[PDB]
Every structure is written in C-alpha cells, then in structure tokens.
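In: quick one: experimental structure and sequence below.
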Amino acid sequence: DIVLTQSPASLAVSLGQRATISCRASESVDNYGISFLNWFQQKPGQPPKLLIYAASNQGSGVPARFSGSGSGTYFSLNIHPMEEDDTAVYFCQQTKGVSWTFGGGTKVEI
Amino acid sequence: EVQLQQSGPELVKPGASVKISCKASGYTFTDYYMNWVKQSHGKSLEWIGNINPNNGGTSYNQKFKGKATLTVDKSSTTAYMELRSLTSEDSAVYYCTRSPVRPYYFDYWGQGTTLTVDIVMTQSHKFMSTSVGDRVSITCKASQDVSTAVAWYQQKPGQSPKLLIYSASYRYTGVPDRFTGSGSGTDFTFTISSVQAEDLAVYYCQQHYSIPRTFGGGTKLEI
Amino acid sequence: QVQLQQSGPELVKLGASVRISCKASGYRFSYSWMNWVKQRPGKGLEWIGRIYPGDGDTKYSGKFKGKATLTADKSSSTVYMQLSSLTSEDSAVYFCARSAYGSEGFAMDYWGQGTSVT
Amino acid sequence: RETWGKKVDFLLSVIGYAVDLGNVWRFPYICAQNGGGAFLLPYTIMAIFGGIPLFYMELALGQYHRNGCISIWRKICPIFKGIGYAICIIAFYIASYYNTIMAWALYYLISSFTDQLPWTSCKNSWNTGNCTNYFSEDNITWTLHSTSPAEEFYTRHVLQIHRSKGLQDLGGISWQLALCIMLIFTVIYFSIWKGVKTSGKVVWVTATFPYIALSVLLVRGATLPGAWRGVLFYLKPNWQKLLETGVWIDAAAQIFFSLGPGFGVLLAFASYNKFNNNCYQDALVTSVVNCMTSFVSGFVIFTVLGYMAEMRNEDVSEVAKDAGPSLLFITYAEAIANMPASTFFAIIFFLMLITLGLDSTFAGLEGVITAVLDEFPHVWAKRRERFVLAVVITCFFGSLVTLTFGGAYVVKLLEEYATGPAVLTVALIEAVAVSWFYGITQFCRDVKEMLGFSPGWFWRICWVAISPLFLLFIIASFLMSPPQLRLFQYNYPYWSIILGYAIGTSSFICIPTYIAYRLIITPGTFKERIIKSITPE
Ligand SMILES: *[C@@H]1O[C@H](CO)[C@@H](O[C@@H]2O[C@H](CO)[C@@H](O)[C@H](O)[C@H]2NC(C)=O)[C@H](O)[C@H]1NC(C)=O
Ligand SMILES: Fc1ccc([C@@H]2CCNC[C@H]2COc2ccc3c(c2)OCO3)cc1
C-alpha cells in the first residue's frame, strides 16, 4: 500500500480569500503522462461528488470555481474566493494499481 | 431522433453536373460513415460508394471510376456529391442512410430525391401466392462464402426502407416479433409467421461480407 | 441517464449476513469496474475492492477479504457484496460508484444514494 | 587471413542473413493484395533474372579478392571507394530503427510471461471507452472511433504516441523500452569481438530455432477452424491484375528486399574462405530455400487471420487493411490470446520475431568492422576487443531519436524514404563498376580458375544487360510521386519528403564526392589521372 496523507487538518478562509490544499505521498504516480490523482468533495448528506478529471481537467456538473495544476510529488488545487455554501470535505485518491489508498480529509470552515 | 433532410428534385440536361445533399442530424457526424444507395427505376438497389470523414479518403464501385466523387463538410455536417456525364440509363433515385462500423449495415434510410433525365446474392421467384396469415418462406442463396452478414429489408411503394433483422439471427429495436430468420454459410432462409396487411411490401436479400457490398434482387409477398 | 440504485438498510447483529447490491444501467458494465468505499460517521474513507465483470477478476486489499465477498453476474447486470460474521465495530456506510476509463484516470463520475449498515 | 571452422558454418550464415522477420509480412501481404495466387508468377521469373545472378556476383568478388568492404574496390576500380563508405552509415541508420522492432517484441516477452495476458481483456490504463472487443451475443457494435486492445497496448504504453504530436515534438525517451536496448546490445558485442570463431557457433542455435517454430505454429493453424478461408484468398489466381505495370515493379522490389545483395554484409562471409569451394552450388540452394521459407511462413499467418474473419465477420482484406510492421502486433497478436493454452504459443511466436532480427544484425556489424582494418593497417582495430566497442555505442546513441514518444513516426520515414532508395542506389553503382568498367571479359577468368569451368551463356549476358537494367526500373518508378504515409490518423506535412530525401541522399552524395576526391590528389594529364584510377596496380 502507498502511503497517502493530507495536510493541514483544518483551514480557516475568510470571505474573499484564496487557499490551496495538497496531498502528501511517496509517489510520484506519474506513469504514462496521466497524473493518477483525483479529488472529491463530500457534503453532509451528499455523496463525494467528483471535481476534476485526474487533477488536470474539469468534469461535468462542476462549477467554474475550481481548477488544479502541478507536477511531481506535490499538487495544489486552485480554489476561487469561497462563500458560506462550500462547507464540505476534500479528499485525495491515488488510482495507481493494484492497491488503492485514500486520504484523510480536511475540515473546511470560515 | 435520427432525421435526414432531402433536397428538392431538378431537371438536368445530360452531360452536365448535378448537386445532391442531405444534412445529418441527431448523432455525431464523425462517429458514423455517410453511405449512398442507388435506387434504380423499376429494378433492384445498387451500391455507390463510401466516404471517410476523418481523413477525406473514399472508396467506391468500379462503375464510378470516372463518373462521381464524394466529399463531406464537417462545419455543416452535410455531404456533397457531383455526378458527371449523365445518360438516359441513369434514371434513378438517390438515398442517404446511417451505417455502423464493423459490421457495415444500413440502419436508417432517407426519403430520397428523384433524378429525372464480388459476392452476388441469388434469390428464388418473386411472385408467390399464399393466403393471408399462412407461414411464408423466402429463399436466398450466396455465390461465395458469407459467414453471418445477411440482412433483410422492407420497402413499400412510395415509402422508405428500414432495417429489420440483425446478423440474420436476432431482432432490431422497433421490429415486431413476427420477423425471425436463421442461416449458416449458404442455406439462408427467412420466414414470417402470421402475416398481416401491414407487412405486405418488397423484401431484399443483403450481403456485407466484403467490400464492395452487393445487394440482392428482391422478393414480394402477394400474400 | 446512468443511475446506481442500492437496496434498503439492514440492522447489524452478532452473526448476521447483509447482502448489498448495486444495479448498473445506461452503460456497458462489462468494460468498466465497480468500486466500493467505506464510510464511518466521524472518520474518513477507505478503499475496499473492485469488480470487473466479464471474466471475474476481483482485487482485495485492506484486510477486507475476511468479511466481504465481491461477486457479480453479467446476466442480471448487477453486483453483490456478501457480508458475514459481523460485529458492532463493522458499522459503516457503503457506496457504489461507476469508475471512468483510463483516459480520465478511473474517476467516479456518478454515485449511489448509499445504505445505512449499522 | 583466418577462415571459418567447418564447411557447413558459412552455409548457415548466408541463409541466416537472407531470412529475417520481414519475410513473414512484407512478402505475403503484397501477394494477397495484388491478385492473390497470381503474385507468385513474377516471384519465380524475376528471381532467376535479377535476384539470383546479382546474388551470385557478390560472392565471386569476395571469393577471389578475400578482402573487406572497402578494399575490394582497391583492386577493381579505386574511384568507387564511396560505395563502401555509403554502406557504413546506413548500418548506423538501419540499427537505429531495426533494433526497436525486436525491442517491441522483447517488451512483449516479459509482458506475456504471466498466465493472464493483457490482450484478452481491457483491464488496463488505456482508453477503455473504445476498448470494446468483447464478442457478445448480437449486442456488440463499434463506432468509427473505436480501437483494438492490441492497438492500445502498442500505442499508449509502448510507443506513448499521446505524449507527442509528431515530428515537431519528439521529447523524452521511454525508460522501460531503453532497458530492452541494453539486453539486445549485450549479445551483439559478445559474439563479434573474436571474429569468425564465435560467429560460426552462435548461428547454430539462432538460425534453426525459427525454422522449427514454423513447424509447431503450422500444426496449430492446420487443425484450426476457418483456416480454409485464408488459403482461398492466398492461392486464387487472378490474371487480370498482371496487365498493370505497377505489380511488376513491386514484385521485383520484394525479391531485392528479401535477399538483400550488394550491401557488403555477405561478401565478408566469402572473404574468410578457401578458393576451392563451388560457389555455384553454395548460391543456388540459398535462393531456392528462401522462396520456400516465404511460402511456408505465409501459411502460418493467413490461416490464423482466417479465424479472425470468422469471429469479426468480415473479409480477410478488411481485417488486414493496414500496411507495414503493424500486421504482427495488432492483428496476429490478438489471435493468440483467444486460443486455449495461450501462454505457450505467445512466447514461442514472440521469441521467433526476436531471433530472426538478431541474425541480420549479427552479420551487419561484421561488415563494418572488417572494412576499417585492411585499408588502414596498424591504425584501426589493433585491439579487436576495444575497437568494436566504439562501433556499438554509436548506433546506441544514434537510436535515441527512435526511442522517443514519437518513435513510431521516425521509423516510418527512415524505413521507406531514407533507407528505401538508398539500398538500390548503392547496389546499382556497384553493378556497373564490375560489369562495364572492370570488364565482363576479365571477370569470368577469375571464376574459372577457382572452379575449373567457364560459366554458361545465361550468366554472361545477364551480368552486363539484365542486372543493370533490373534495378533501373525500380528506382525510376519510386521517384515518381511521394506517397502519404498514414500512421494512426496523423497526416504528414508537405516537407516530410524533403527531410526524408535529404537524410536519404546523405549516403548518396558521398559517391560523387569520393570520385572527385581522387581526381584532385592524382596529378598529371586529365585523361591519364582518370585511367590510372580505373586500372588497378
Ligand atoms: C476513443 O473514444 C473517445 C470518446 O470519449 C474519443 O474522444 C474524442 O476525442 C476527440 C479528439 O481526439 C474529440 O474531438 C471528440 O469529441 C472525442 N469524442 C467525442 C464523442 O466527443 C477518442 O478520440 C477515441 N479514440 C480514438 C483513437 O479515436
Ligand atoms: F532496406 C533494407 C536494407 C537492408 C536490408 C537487409 C536485407 C537482408 N535481410 C536483412 C535486412 C536488414 O539488414 C540489416 C539488419 C540489421 C543491421 C544491418 C542490416 O546492418 C547493421 O545492422 C533490408 C532492407
């Protein structure tokens, strides 16, 4: 199993400010160009809805306030200035085989 | 919601050029081909040629070597054609259809536009006389080895044809359960149990084993 | 479109068996996988396994082989997870998600409603 | 000068350079497309006229002169020294793209070592939305944009064509495929450093292993359903196609590409040999069996794709619409995984493509190291263990443009546009050098003194008339119109023929330069300095 952690545990972003969240791991899952690292967003009562295709391209049903880029052993999701309706938890997901491991998650507050 | 629009007819002097178009809609234009089917006056069907929209290359029959070409347009999803050296024997009706890939069949069919001016499939006699509701049979023989690429169509006088059977063994979506067939290699049969007045039309035996595709002569149920 | 419908909830006692299903519809399930995720109220997520229908390959990790048996069938077009020898500490929330292809990075585009296994 | 160990040693290497892995796809595909069984009729008339005697004269110069590639022109006509310098840089140019062909098969050997092959299922990280090759019960269809699982393992993982765009961006070489080059090049270095002593023993295992592999693969296709459809399209005579002038030239280029004479590789075999052997019997049996191998190896491919015509339900021309090296790794590779006991048949076939490639590059390295030794004595190859090590590293660093992510595009332009007309232009210029300039009346005197009899009426006329005119018709129609090399829906730009011809003529520009190099340094009357450099000492 590949070790996959998350930092920080809780972030306090004011109204109109930007932030970032990363996923610490030993891999470097950069095999055949496709970055094998996904992102999720679980709300209380809602399933962990998908955000970005392999941390490089925005998917369907996702608002335009989310983006992501990076390279190597360190990614950084770009978040727009958030409102009060973004109270959820973001996760990490390395999808390189054959065993998959998930992140710990961070608490999003204002 | 697959629909193919057709242009109006026109009277062209022999020897001049003609332009025929049909806009594709309801599906992705790059996922399927754009095939043309000749409908000769008072006779069977004939194949014209196929165009590849992703590369622009085309393949056609040997009779269209110095007669016609095939171009498409990705910005409008409408194919263009230009026949040259018209004669009195070219009194026919052009068609536009939808075709899948591997195998190459003909699912949908257009309304058509009239123009005023290999493995061959041999069938049985066309004029069969049976009573209404009896089990009928249609015999179609192959000249060479055809594994499973046998199809059957239904064309009414004044109406457009349609796909009925899938790989000569199973039904298509939108087809009643009265149409069933089988066959293996050379003994290709087709039967309809408990026929009605709605199924009283012209049938066709088909072959898709090798390029160029060659259509059959045609049969008629009376009844 | 594509939907994933699970069954109803089930109460967990000592020695009971709980069968959870997830019906696939609107797509070809023989050319994709079927992921399962653990979820506990107050904790995070955890990966369990995958089902690739058509040939029967199933991968297990995270010591879930002792209680979870992942079996599916192509004729009825759904998956099954057979639970056995349950305790009070095994209470969690199970979800089934449709995995995307390798060009998109095996992402979970759609999700189910989730059952309360407690 | 040393010689070979036994008599049957150098008879086994001449056939081993004659056969390769090209004889299983380049020959029988043009047979099925160009009239079926009628294509074998120009195969046996153009062989005795252009193939066989040009194959025979290359041994006769090597038997008498017993010298290398560059030193045979010192005692015939010294202005043609540019011929031996041309074939040296093509040996660096061939080894760039040719070793990547077995490197795709060497990666297939370690991939198919497991029990579960990745070709019978789409359980991988490819474009799985188009990977829909499962043949269900009449609930299967593929859109124009669908692909094959053998193609997705060939394009996404091995070549990585999605990481590049074409000739404008080649980028960073695959590290997994670079390790296969080191496994290939180790066996090449450990067999040529001693000379003909180790070259006479390594061919004893590698030249008969594919021949027994053709026997065990034929019995698989013999008791195989649907194999009669493959022999039908292969053997049916269509005499309406032979009236076209195009099928005559393509049949003549096939025999020249199969045997491959005049490149300098084979004359190194006759240099280390006694003069008493019958060169007529040694050359006649090699050209006869090479048509027999290409006839047998056409049976082991077409009987298997006839089963693919049964399951996919099309014609055999539709399943074999591709034209190139992709016939083995896309169409034939997926047919092995659908068979019972697929773990055994996948290894013996993909090791057959390994051993047929290494016999051609075993002997190709001998032809370039023998040339530098005799022309410059006590300067190059004083230590034979060190100087051939400098040769193998140059084609290793030269192959870095072929191990890229766009490596599939560069092997297509270098096979056909660069090394295609280059092998004809170096072979036509040596054919007129021995016939017209050296003299046909002088050439047969050296053959009859080592054999004991004069050649017949057929060999005298064909050396002066047929063999120069055989290669002229092929090089003329090739420089008629530049074709469009279509490789995975990517069309090449208009300047691809410009860069393709410029790298191809770089060896062809050496021969008018090397004839101009000697007329400057040799002084005297302009008629006398030329005729001194035609007549040897
Ligand atoms: C495999 O299928 C996918 C379908 O998702 C194809 O994706 C298409 O890619 C092209 C650009 O290359 C886009 O313009 C299309 O819009 C995509 N598909 C659709 C329907 O929008 C992909 O091209 C296919 N692979 C191959 C080799 O054709
Ligand atoms: F265009 C063409 C040039 C040469 C040929 C040859 C004809 C005979 N059969 C083998 C073919 C490949 O020759 C090789 C292989 C590896 C080599 C090599 C030569 O020299 C250095 O390493 C075929 C076609």
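Out: Structure's in. What do you need? Numbers count the residues shown, from 1 in each chain, chains lettered A, B, ... in the order given. Ligands and ions are numbered 1, 2, ... in the order given.

In: residues contacting the spatially closest residue to residue D:253 that is not a sequence neighbour?
Out: Of all residues not flanking residue D:253 in the chain, residue D:474 sits nearest, at 5.1 Å (CB to CB, 6 or more residues apart in numbering or on different chains). No exception for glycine: its C-beta is placed from N, CA and C like everyone else's. Contacts for residue D:474 (CB atoms under 8 Å, 6 or more residues apart in numbering or on different chains) come out as D:249, D:252-253, D:256, D:424.

In: buried set for the helix or strand harbouring residue D:474?
Out: Take DSSP states H and E as the rule and residue D:474 turns out to sit in helix D:467-478. Buried positions in helix D:467-478, judged by neighbour count with 16 or more other CB atoms under 10 Å in any protein chain shown: D:467-468, D:470-471, D:474, D:478.

In: hey, C-alpha coordinates of it in PDB?
Out: Taking C-alpha atoms only, helix D:467-478 is exported to PDB below (Å, rounded to 0.1, in the frame of the first residue of the first chain):
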ATOM      1  CA  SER D 467      21.400  -6.900 -63.700                       C
ATOM      2  CA  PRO D 468      22.000  -3.200 -64.500                       C
ATOM      3  CA  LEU D 469      18.500  -2.900 -66.100                       C
ATOM      4  CA  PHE D 470      16.800  -4.800 -63.200                       C
ATOM      5  CA  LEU D 471      17.400  -2.100 -60.600                       C
ATOM      6  CA  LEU D 472      16.800   0.800 -63.000                       C
ATOM      7  CA  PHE D 473      13.100   0.200 -63.400                       C
ATOM      8  CA  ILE D 474      12.600   0.000 -59.600                       C
ATOM      9  CA  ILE D 475      14.400   3.300 -58.800                       C
ATOM     10  CA  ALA D 476      12.600   5.200 -61.600                       C
ATOM     11  CA  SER D 477       9.000   4.400 -60.500                       C
ATOM     12  CA  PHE D 478       9.900   5.000 -56.900                       C
END
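
In: buried residues in stretch D:417-434?
Out: D:417-431, D:433-434.

In: restrict the residues you listed to contacts with ligand 2.
Out: By CB under 6 Å from any ligand atom, the members of those lying near ligand 2 are D:419, D:423.

In: just checking, next helix/strand downstream of the helix holding residue D:474?
Out: Helix D:467-478 is succeeded, C-terminally, by helix D:496-508 (DSSP H and E).

In: so does that following helix get close to ligand 2?
Out: No - Helix D:496-508 stays clear of ligand 2 (CB under 6 Å from any ligand atom), getting no nearer than 10.8 Å.

In: which residues does that helix contact?
Out: Contacts of helix D:496-508 (CB under 8 Å, 6+ apart): D:86-87, D:89-90, D:93, D:167, D:413-414, D:417-422, D:425-426, D:482, D:485.

In: up against chain B, what does chain C have?
Out: By CB under 8 Å from any CB of the partner chain, no part of chain C sits against chain B.

In: which helix runs longest in chain D?
Out: helix D:82-111 (DSSP state H).

In: and that one with helix D:496-508, angle?
Out: 120 degrees (axes from the mean of the first three to the mean of the last three CA atoms, to 10 degrees).

In: after helix D:82-111, next one along is what?
Out: Proceeding N to C from helix D:82-111, the next assigned helix or strand is helix D:149-152, under DSSP H and E.

In: wait, does that following helix contact chain A?
Out: No - counting by CB under 8 Å from any CB, chain A has no neighbours in helix D:149-152; the shortest distance is 11.3 Å.

In: and that helix, what does it pack onto?
Out: Where contact means 3 or more CB pairs under 8 Å, 6 or more residues apart in numbering or on different chains; DSSP states H and E, helix D:149-152 is packed against helix D:332-337.

In: which residues touch the helix it packs on?
Out: Against helix D:332-337 from outside (CB under 8 Å, 6+ apart): D:108, D:117, D:119-120, D:133, D:148-150, D:301, D:304-305, D:307-308, D:342, D:345-346, D:349.

In: picking up where we left off before, distance to residue D:34 and secondary structure for the contacts of residue D:474 - can I get that in TSV?
Out: Below are these laid out as TSV (distance: CB to CB, whole Å; DSSP: H, G, I helix; E, B strand; the rest coil):
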residue	distance to residue D:34	secondary structure
D:249	11	helix
D:252	12	helix
D:253	12	helix
D:256	16	helix
D:424	20	helix
